[PDB]
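For reference, the structure is listed below as structure tokens.
Here the Cβ is made from the backbone with ideal geometry for all residues, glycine too, and neighbour counts use every protein chain on show. All of this is worked out from the model, or read from it or from the source named; none is laboratory data.
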Amino acid sequence: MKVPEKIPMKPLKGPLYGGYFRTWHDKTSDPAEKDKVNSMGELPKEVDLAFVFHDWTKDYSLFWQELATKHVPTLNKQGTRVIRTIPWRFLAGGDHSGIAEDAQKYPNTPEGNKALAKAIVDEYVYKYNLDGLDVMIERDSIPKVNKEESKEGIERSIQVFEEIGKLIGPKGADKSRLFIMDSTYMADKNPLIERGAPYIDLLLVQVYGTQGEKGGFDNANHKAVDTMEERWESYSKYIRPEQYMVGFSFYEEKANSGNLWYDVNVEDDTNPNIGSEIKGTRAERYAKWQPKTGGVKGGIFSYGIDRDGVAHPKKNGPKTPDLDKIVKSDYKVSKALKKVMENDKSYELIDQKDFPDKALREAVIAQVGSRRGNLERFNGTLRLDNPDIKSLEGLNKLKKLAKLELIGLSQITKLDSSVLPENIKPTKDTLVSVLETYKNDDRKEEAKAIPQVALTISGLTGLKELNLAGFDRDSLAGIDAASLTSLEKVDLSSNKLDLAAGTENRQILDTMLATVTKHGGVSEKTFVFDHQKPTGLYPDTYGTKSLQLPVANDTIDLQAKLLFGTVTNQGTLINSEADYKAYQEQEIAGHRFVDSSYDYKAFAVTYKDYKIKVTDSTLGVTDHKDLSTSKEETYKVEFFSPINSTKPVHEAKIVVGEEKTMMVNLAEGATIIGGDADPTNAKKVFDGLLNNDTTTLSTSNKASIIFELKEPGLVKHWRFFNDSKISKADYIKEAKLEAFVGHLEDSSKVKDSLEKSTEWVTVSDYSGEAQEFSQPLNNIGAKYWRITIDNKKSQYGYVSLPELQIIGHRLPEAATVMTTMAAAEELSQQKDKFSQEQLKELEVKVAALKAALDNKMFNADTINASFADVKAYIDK
Ligand SMILES: CC(=O)N[C@H]1[C@H](O[C@@H]2[C@@H](OC[C@H]3O[C@@H](O[C@H]4[C@H](O)[C@H]5[NH+]=C(C)O[C@H]5O[C@@H]4CO)[C@@H](O)[C@@H](O[C@H]4O[C@H](CO)[C@@H](O)[C@H](O)[C@@H]4O[C@@H]4O[C@H](CO)[C@@H](O[C@@H]5O[C@H](CO[C@]6(C(=O)O)C[C@H](O)[C@@H](NC(C)=O)[C@H]([C@H](O)[C@H](O)CO)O6)[C@H](O)[C@H](O)[C@H]5O)[C@H](O)[C@H]4NC(C)=O)[C@@H]3O)O[C@H](CO)[C@@H](O)[C@@H]2O)O[C@H](CO)[C@@H](O[C@@H]2O[C@H](CO[C@]3(C(=O)O)C[C@H](O)[C@@H](NC(C)=O)[C@H]([C@H](O)[C@H](O)CO)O3)[C@H](O)[C@H](O)[C@H]2O)[C@@H]1O
Ligand SMILES: [Ca+2]
């Protein structure tokens, strides 16, 4: 075969139309199938990308010679690129993986994967001198080994994809060949987009059918999911909008359910041409659809373009087997869809009517895009730093700009709303979607707010008038006032500026005031900044983090003492209405700036649905604002916004009386050793959730858990909870807590049979009916514990235990420090073992360890030193 060499082609410019041509429907595929009558060479010039979608066509078929020698030159001559489509798994190996099936020639190694990528491009692109490669990423094409999805092949395919992108596409050695990805997945479910996106020219999304258009439906929340907008936004993270193309499907002959998309017109007996009409079809909606932000899309594509013109069979209606007949297409749908996009307002070119100043016009086209549709949508930064710009006329056409930077524009004299973006002030989105929505959603959300453009002004040395009045600007940041040396008239009134003393805003205003006054002729019309309504925000930090209070019979409001206040975005704190009026009466050059109608409750934030969490030193937890001080206790207090209930906005330590150390739950995350309780729910006893009704029931009616403290310490308290308010009179009514006495029976390899067989010590026997029980404990230092609970119900009582807490202080080998001390008075209440005056030099050291251990401020290093030096006085 002699393959002709590449034909000069005019560059691709959107809007683009693409088509997947099924090879088995080309005349030359199987000469025996006389019904196969179409030809890929017959595709019209309106088709920019003809995709070779291969199946059923034999390796030896004369189609491949026809493609390379006739079709490609014919299509290239008219500007149509011919793209080879291959499935995802061709990049992975394993089942049905094309070239990659030869795992010995192309091993899964760094050099083997480099070789596979070169082989893939040589075989599927260069062999017939095609114009690019399209990798199809869907479940249909996922890497598989023995009919099983292969995570290993998926990982390999990521590597091979990058290697291909170094050969072709925008980052490749041969930039004259397109590297294209199509996918059914949302971007977060596309395993290859994050690494593959820099290497591709175009991204195609298959969104066939009403569910591609509207998204799926969330049955519970009754909302659309994976909408066209949400799909684009997921990929906007990775590609530009002009790289984005969306796909519909023609009606494939003899299609099953699950392959019926209704993307083109349903047949009608009384109009045999209705399949070639496009108005109102999903296909035309896709042609007209545009993202709401970012920019205009790259175009659209069709699957099965050889079926162009065939009407779709009716959903509910008697069969029409005539639609399954194979007829030669005239590609009328494809021609009309291309013309719909080419004639759309969105793809109108930005010209002199929009920006008369060519220097400005060239800056917008370079940065925003050449199409008028981008003015409506562009979402990033427009930097204007060419000093040749003599006019900003046309900037009002930018509707969604995130940042406008005006730098060094010497010859601009005035700035107001006529030469500024339309979103300098609050605006709502005005673009209307052309897509059908869910009838079962009633979705007409009113016109999302457009975030306002951030404005930077630096070096406009000829700027004489700066009018930003009535735009609800949040700050003046970005205004390099010292550089605006020709200002004569400034209006910043009717915004949201905190212009208080010490703010950054005030300094920019004061710098401009100096400039304007030095010019002279200052009147009441010349420098106006009043009617400000600055937004009141929640303070980031609060002033009170520690409070020592005396023991007294009184209740305090913790929220009133610790959490209040409102700040502006410049840091001006207001406590109360009294403080606010002082702020409201501030003056700049003898003139108040805060709007007089903007009262305190309009400005102040509220702490209505803020929650409080108060934990004492024994880890008892309440959510009460009011705290008694009659009892001597040390508390941790945390406040939670309703917006985040896991994560406090403010924390404070309140000491009542002498300070006590905050204890810890040493049984938190304890490992289950033994007992008869259900192992899954037994673990949930120590996870940390006091309302852990993930079914915390341990057995039928009487349960036991043997557990090991993950890192033992000094135990002084314990607590357990019955199912919080979910049940009553099913409560645990009897409980016994036991500690193991450091006597592992010479079988440390087993440690379960040993504990279920030794003699323990009972640290507490609970009998009662409280929802929650807590109790002090006598400095136990055991690593191994057993809890036994009983709700006194029938043998099918299904006793439950949401949490158990073993509470104390972290101190490794606390077992030793109580073994030694226990013997310290098994030796000092009996005289004359070593007894001399040494006995009272013992007793001063035993009285100092019981004092060190039983101290409210637990200091581990103090006890060690007291423990270590009592240890020294035994051998002597
Ligand atoms: C390429 C590849 O890979 N392939 C693969 C595949 O894949 C797949 C595919 O797909 C396709 C499809 O598609 C669809 O669509 C869709 C798409 O997909 C997507 N995409 C896009 C963008 O969008 C989306 O969606 C869409 C829609 O949905 C569709 O289109 C379809 O179509 C169909 O359907 C429709 C409706 O619906 C219609 O309309 C159409 O038309 C169609 O239909 C069809 O048609 C056809 C035509 O005709 C038919 O056919 C059949 O055929 C047969 C044949 O046969 C024979 C033989 O074979 O032998 C012949 C002879 O002649 C005879 N003889 C005498 C007569 O004497 C014989 C007989 O039978 C005797 O008797 C014996 O007994 O035979 C027959 O004829 C029958 O009958 C017929 O029927 C059919 O049927 C129809 N169907 C219906 C249902 O209707 C389409 O289809 O593709 C893609 C891309 O590419 C992918 O992704 C997917 O996934 O898959 C499969 C499964 O698995 C496979 O298969 C297999 O294969 C094997 C072989 O292979 C291989 C290995 O070896 O592995 C592969 C690799 O790669 C390669 N390479 C390398 C390694 O390198 C290889 C080579 O070639 C060498 O050889 C080796 O070395 O290969 C085996 O065969 C087995 O068996 C199987 O299973 C495949 O592969
Ligand atoms: Ca729990």
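Among the criteria (1) surrounded by fewer than 21 Cβ atoms within 10 Å (Cβ to Cβ); (2) farther than 30 Å from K151 by Cα, the one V72 does not fulfil is (1).
Sort out which residues of segment 828-863 are in a loop (DSSP other than H, G, I, E, B) and touching a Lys or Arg at 6+ places or on another chain (Cβ under 8 Å), and write them in order of number. Let's see the steps before the verdict.
Of segment 828-863, the ones in a loop (DSSP other than H, G, I, E, B) are 828-837, 854-859.
Once the filter is applied, which keeps residues that are in a loop (DSSP other than H, G, I, E, B) and touching a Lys or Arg at 6+ places or on another chain (Cβ under 8 Å), segment 828-863 yields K856, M857.
None of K840, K833, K876, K850 is surrounded by fewer than 16 Cβ atoms within 10 Å (Cβ to Cβ), under 23 Å from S764 (Cα atoms) and either of a type in the set (K, R) or without any contact (Cβ under 8 Å) to a residue 24 or more places away in the chain (or both) except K850. Only one of the numbered conditions (1) surrounded by fewer than 19 Cβ atoms within 10 Å (Cβ to Cβ); (2) over 30 Å from the mean Cα position of the chain (by Cα); (3) within 22 Å of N129 (Cβ to Cβ) is not met by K171, and that is (2).
Check whether at least one residue in segment 45-56 is within 11 Å of ligand 1 (Cβ to nearest atom) and free of Cβ contacts under 8 Å to residues at least 24 places away in the same chain, and report yes or no. So far as segment 45-56 goes, no, none of its residues is within 11 Å of ligand 1 (Cβ to nearest atom) and free of Cβ contacts under 8 Å to residues at least 24 places away in the same chain. Selection of segment 465-492 for residues being in a loop (DSSP other than H, G, I, E, B), in contact with a strand residue (DSSP E or B) (Cβ under 7 Å, 6 or more places away or on another chain), closer than 16 Å to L420 by Cβ and not hydrophobic (A, V, I, L, M, F, W, C) yields only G478.
A count restricted to segment 671-706 and to residues that are surrounded by fewer than 20 Cβ atoms within 10 Å (Cβ to Cβ) and over 41 Å from the mean Cα position of the chain (by Cα) stands at 6. Of the strands (runs of 3 or more DSSP E) entirely within segment 601-682, those holding at least 1 residues that are of a type outside the set (D, E, K, R) and more than 30 Å from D790 (Cβ to Cβ) occupy 611-615, 626-628, 633-640, 650-656. Checking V614, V637, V621 one by one, the residue that is within 16 Å of ligand 2 (Cβ to nearest atom), touching a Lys or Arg at 6+ places or on another chain (Cβ under 9 Å), outside the structural domain of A739 (by TED's automatic domain parsing) and aliphatic (A, V, I, L, M) is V621 and no other. For segment 746-797, the candidate set comprises residues that are part of a loop (DSSP other than H, G, I, E, B) and among the polar types (S, T, N, Q); within that set, the residue that is farthest from the chain's Cα centre (by Cα) is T758. Looking only at residues in segment 239-254 that are surrounded by 17 or more Cβ atoms within 10 Å (Cβ to Cβ) and farther than 18 Å from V333 by Cα, the one that is farthest from ligand 2 (Cβ to nearest atom) is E242.
Among the candidates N271, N259, the residue that is out of contact with any helix residue (DSSP H, G or I) (no Cβ under 9 Å at 6 or more places or on another chain), closer than 18 Å to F21 by Cβ and more than 16 Å from ligand 2 (Cβ to nearest atom) is uniquely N259. Scanning segment 260-290 for residues that are away from ligand 1 (no atom under 15 Å from the Cβ), assigned to a loop (DSSP other than H, G, I, E, B) and either under 40 Å from the mean Cα position of the chain (by Cα) or not assigned by TED's automatic domain parsing to the domain that holds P15 (or both) yields a count of 7.
In the set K166, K151, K189, only one residue is touching a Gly at 6+ places or on another chain (Cβ under 6 Å), surrounded by fewer than 21 Cβ atoms within 10 Å (Cβ to Cβ) and not assigned by TED's automatic domain parsing to the domain that holds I300; that residue is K166.
Taken as a whole, segment 204-212 holds at least one residue that is surrounded by fewer than 16 Cβ atoms within 10 Å (Cβ to Cβ) and either closer than 20 Å to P313 by Cα or within 11 Å of ligand 1 (Cβ to nearest atom) (or both). Residue count for segment 508-535, restricted to those that are over 37 Å from the mean Cα position of the chain (by Cα) and farther than 17 Å from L468 by Cα: 9.
For segment 247-259, a residue qualifies if it is within 9 Å of ligand 1 (Cβ to nearest atom) and out of contact with any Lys or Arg (no Cβ under 8 Å at 6 or more places or on another chain), and the qualifying residues are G247, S249, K254, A255, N256, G258, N259.
Please tell me if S596 is over 30 Å from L497 (Cβ atoms), away from ligand 1 (no atom under 16 Å from the Cβ) and in the same structural domain as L562 (by TED's automatic domain parsing).
Judged against the criteria, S596 is not a match.
Applying the criterion of at least 1 residues that are within 21 Å of the chain's Cα centre (by Cα) to the strands (runs of 3 or more DSSP E) found wholly in segment 206-249 leaves 216-218, 223-225. Scanning segment 648-683 for residues that are of a type in the set (D, E, K, R) and touching a residue at least 40 places away in the same chain (Cβ under 8 Å), which turns out nearest to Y607 (Cα to Cα)? Per the criteria, the residue is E651. Residues in segment 701-725 that are in a loop (DSSP other than H, G, I, E, B) and more than 18 Å from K792 (Cα to Cα): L709, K710, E711, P712, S724, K725.
Go through segment 79-196 and tell me which helices (runs of 4 or more DSSP H), entirely inside it, have 2 or more residues that are closer than 30 Å to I7 by Cβ and touching a residue at least 12 places away in the same chain (Cβ under 8 Å). Steps first, please.
Numbers: elements: 110-121, 151-165, 193-196.
By residue number, 110-121, 151-165.
Evaluate the following for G132: is it under 31 Å from the mean Cα position of the chain (by Cα), buried (at least 17 other Cβ atoms within 10 Å of the Cβ) and more than 16 Å from ligand 2 (Cβ to nearest atom)? No, not satisfied. If I filter segment 684-698 down to residues being assigned to a loop (DSSP other than H, G, I, E, B) and more than 23 Å from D623 (Cβ to Cβ), which single residue comes out as nearest to ligand 1 (Cβ to nearest atom)? Filtering first and then ranking leaves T695.
With respect to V72, determine if the residue is assigned by TED's automatic domain parsing to the domain that holds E252 and under 45 Å from the mean Cα position of the chain (by Cα).
Taking the combined requirement at face value, the residue satisfies it.
The residues listed here are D540, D510; of these, the one that is surrounded by fewer than 20 Cβ atoms within 10 Å (Cβ to Cβ) and assigned to a loop (DSSP other than H, G, I, E, B) is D540.
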